[PDB]
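# Topology and contacts: notes
So you can see what is in the structure, the chains are spelled out below.
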Amino acid sequence: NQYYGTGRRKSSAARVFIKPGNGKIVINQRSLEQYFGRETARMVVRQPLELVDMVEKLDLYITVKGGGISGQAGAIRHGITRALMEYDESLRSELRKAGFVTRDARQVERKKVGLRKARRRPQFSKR
Amino acid sequence: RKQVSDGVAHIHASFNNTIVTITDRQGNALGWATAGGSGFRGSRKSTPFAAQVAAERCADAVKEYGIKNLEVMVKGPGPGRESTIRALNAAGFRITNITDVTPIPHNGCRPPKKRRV
Amino acid sequence: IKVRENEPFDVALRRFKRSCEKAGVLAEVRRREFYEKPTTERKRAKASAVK
Amino acid sequence: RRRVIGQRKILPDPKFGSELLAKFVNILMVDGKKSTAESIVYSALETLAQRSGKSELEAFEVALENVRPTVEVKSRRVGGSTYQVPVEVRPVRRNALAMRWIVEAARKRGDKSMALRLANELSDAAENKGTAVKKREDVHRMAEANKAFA
RNA sequence: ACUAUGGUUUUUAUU
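The rules we used
Residues numbered from 1 in each chain as written, not as in the entry; some residues may be left out. Chains lettered and ligands numbered in written order. Part of a larger assembly, values for the part shown. Heavy atoms only, no water. Helix = DSSP H or I, 4+ residues; strand = E, 2+ residues; numbered from the N terminus. Rg over C-alpha atoms; globule rule 2.2 N^0.38 Å. Near = heavy atom within 4 Å. Polar contact = N/O pair within 3.5 Å; in protein donor to acceptor, adjacent residues only side chain to side chain. Expected span 1.5 Å × (residues − 1). Buried < 20%, exposed > 50% of the residue type's maximum accessible area, 1.4 Å probe, protein only. Contact = heavy atoms within 4.5 Å. Buried area = accessible area lost by both parts, 1.4 Å probe. Salt bridge = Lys/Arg side-chain N within 4 Å of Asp/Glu carboxyl O. Nonpolar A, V, L, I, M, F, W, Y, C, P; charged D, E, K, R; others polar. Patch = residues over 30% accessible without salt bridge, like charges linked within 9 Å, V, L, I, M, F, W, Y side chains within 5 Å. Areas by Shrake-Rupley, 256 points an atom, 1.4 Å probe, with all protein chains shown as cover. Pairing = 2+ DSSP bridges. Axes fitted to C-alpha atoms, helices over the stretch in contact; angles between N-to-C directions. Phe/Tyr/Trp six-rings, centres within 6.5 Å; stacked < 30°, edge-to-face > 60°.

This entry, as listed in the PDB, derives from cryo-EM and reports a resolution of 20 Å.

This part takes up the overall build of chain D. Of the regular secondary structure elements, chain D holds five helices and two strands. Tracing chain D from N to C terminus, the helices and strands come up as α-α-α-β-β-α-α. Over its C-alpha atoms chain D spans a radius of gyration of 18 Å, topping by over 25% the 15 Å that the globule rule assigns to 150 residues. Taken along the three principal axes of its C-alpha coordinates, chain D extends 55 × 50 × 30 Å.

This part covers the protein's contact with RNA strand E. Inspection of the region around RNA strand E gives B:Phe15, B:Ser43, C:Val3, C:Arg4, D:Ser75, D:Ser81, D:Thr82 and D:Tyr83 as its neighbouring residues. Of all atoms in RNA strand E that approach within 4 Å of the protein, 33% are sugar or phosphate atoms. Here C:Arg4 contributes a side-chain N or O atom positioned 3.4 Å from a base nitrogen of RNA strand E. Contacts to RNA strand E include D:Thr82, whose backbone N or O atom sits 2.9 Å from a phosphate oxygen.

Our next topic: helix 1 (residues 48-59) of chain B. Spacing of three or four residues puts side chains on the same side of an α-helix, whose turn is 3.6 residues. Residue and element names in this part refer to chain B. Counted at 1.5 Å a residue, the expected span for helix 1 with its 12 residues is 16 Å, and the 17 Å between its end C-alpha atoms agrees. Among the residues of helix 1, those classed as buried are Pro48, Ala50, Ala51, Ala54, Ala55, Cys58 and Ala59. Residues of helix 1 that are buried make contact with strand 2 (18-24), strand 3 (29-34) and helix 2 (84-88).

We now examine the interface of chain C and chain B. Contacts between chain C and chain B engage 16 residues on the former and 14 residues on the latter. Taken together, both faces of the contact between chain C and chain B bury some 1300 Å²; the carbon and sulfur share is 56%. Our count for the chain C to chain B interface comes out at one salt bridge. Summed over the shared surface of chain C and chain B, the number is four residue pairs in polar contact. Within the side of chain C that touches chain B, the residues separate by chemical class into seven nonpolar, two polar and seven charged.

To continue, consider a nonpolar patch on the surface. Among the surface-exposed residues, A:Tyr4, A:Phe17 and A:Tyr61 lie close enough to one another that they form a single nonpolar patch of about 270 Å² accessible area. Its place among the elements puts A:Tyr61 in strand 5 (residues 58-65).

Residues and elements named next belong to chain A. Considering the arrangement of structural elements, one finds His78 in helix 1 (residues 69-87). By relative accessible area, which is 16% here, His78 ends up buried. Residues in contact with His78, not counting those within four places in the same chain, are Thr6, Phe100, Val101, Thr102 and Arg103.

With four pairs of chains in contact overall, the greatest share of contacts is found between chains B and C. There is no contact between chain A and chain B; across them, the least C-alpha separation is 41 Å. What separates chain A from chain C at the closest point of their C-alpha atoms is a distance of 41 Å, and the two make no contact.

Time to look at the sheet that holds strand 2 of chain B. Residue and element names in this part refer to chain B. Read across the open sheet, the five strands follow the order 3-2-1-4-5; overall the sheet is mixed. Edge strands, defined here as strands with exactly one partner in the open sheet, are strand 3 and strand 5 (94-100). Each strand axis lies, on average, 15 degrees off the axis of its neighbour in the sheet, ignoring direction. Taken together, the five bridges between strand 4 (residues 67-75) and strand 5 define a ladder with parallel strand orientation. In the strand pairing of strand 5, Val72 is matched with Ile98. Here helix 1 sits on the sheet and contacts strand 2 and strand 3; the angle it forms with strand 3, its principal contact strand, is near 155 degrees.

All names here are of chain D. Residue position: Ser18 is located in the segment before helix 1 (21-24). On the basis of relative accessible area, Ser18 is assigned to the buried category, the value being 18%. A distance of 3.2 Å separates a polar atom in the side chain of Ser18 from the backbone nitrogen of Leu20.

With that out of the way, let us pick up unusual backbone geometry. In this chain, C:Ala47 is followed by C:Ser48 through a cis amide linkage whose omega measures 5 degrees. Take C:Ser48: it is sitting in the segment after helix 1 (37-40). Omega for the peptide link from D:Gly79 to D:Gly80 comes to -5 degrees, which places this bond in the cis form. Relative to the elements of secondary structure, D:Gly80 occurs in the loop between strand 1 (71-75) and strand 2 (84-88). Positive phi outside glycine occurs at C:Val50, with the angle close to 60 degrees.

Here we come to the packing of aromatic side chains. Given two aromatic rings, their pairing is described by the distance between the two centres and the angle made by the two planes. Tallied over the full model, the rule gives seven aromatic pairs over all chains. Between A:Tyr4 and A:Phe17, the aromatic rings sit 5.0 Å apart at their centres with planes inclined by 45 degrees, giving tilted as the arrangement. Placement of the pair is A:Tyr4 in strand 1 (residues 3-9) and A:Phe17 in strand 2 (residues 12-20), with a sequence separation of 13 residues. Judged by relative accessible area, which is 40%, A:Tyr4 ranks as partly exposed. Ring plane angle 55 degrees and centroid distance 6.3 Å describe the contact between D:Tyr83 and D:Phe149, whose orientation is recorded as tilted. Note that D:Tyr83 is positioned in the loop between strand 1 and strand 2 and D:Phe149 in the segment after helix 5 (133-142), a separation of 66 residues in sequence. For D:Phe149, a relative accessible area of 36% translates into the label partly exposed. Aromatic ring contacts, followed pair by pair, group D:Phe16, D:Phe24, D:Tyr42 and D:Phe60 into a single cluster.

Right, dumping it as structure tokens:
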């Protein structure tokens, strides 16, 4: 059976399929370490995968487009947990235990009016 | 060179110092120590620790004269007036009595009143 | 208590928690018509003062 | 059991032999440019083993055993008074502070920057010599001249 | 009762 999960984060969108079978991982029809190797988020997608042990009995197939690498990796991590919680509903209790089934507390908000980036405090020295 | 066996310990606690002196069965001071002589300054000479090590250094100031029993005389209100006893209870000799007296008692002697005036 | 009480004493009398300023006091014998309670034993919550 | 512990946060490295790593490479790090602060792993100690003696298996372990903070002295409230007290250096800080405290000679020694600075300050720290050690025993005695209540 | 620690509030004007 083909267990499906979508995931999205900061202008990036991903789709994940999980199947029982041979322990392989494919992304955008490339190997997991074929074009990544220096990017600071390239390992965070492995966090939920050791919870059921890696690359011995489960087939992964990932597709992604849009945004940048830290967005794509966070979208893929939650797409993996949304597919993995269909494969076995008792993993829900274990994915909560590590924070991997929740949308993280960083998302894009609309531009606060004027004032450059509108987050910094302006000049208030007393001179 | 000889054992005195019996004597008296003289303690004082002030708001700016702590003093411990030990006397033989004839009233002769064999050794003395103060918290100011222990390197401390101001009201820090009245800390419970400075009072404990001043007593420990006074037990070290009588280590050879051979003591088995004594009584204690406690003077003054200073905060060192409890911790000074713990190093003397570890000096290796018995404490037969402790006479406790503070100067100029009046008006209830400043205990905590616990939600009273 | 540290420096606020020296004496020879590190012991304390345990009559002063949930007995004073309340129940009671600002609302003395206010409701339910009780006449036992810790509010009658509040005359034991003394000394404290004078040592 | 769901919400329990929660575990990890950081993981132990099989090759570095120290858990201080996640706070050791946080030193001289600006605008999030980590690789310009991580530039001392398998480089500076490879040079220390070519500037003072031989090997590097215990040099960073023993330097922070020789330079070890244990007490700190602050003005602290009892209400309304604010007595000076000695307090013990908190267990998660106790060996993680001194490695960030060697700065009052860094712009003066002329050691030719980063990994070559580290290859000289550790050979003083491994004898409790040189920078900031006179100030460490000055705090140790700032807590000896007054021990407060314990 | 103990952050050791800062002098004292100008002659005096009169929308």
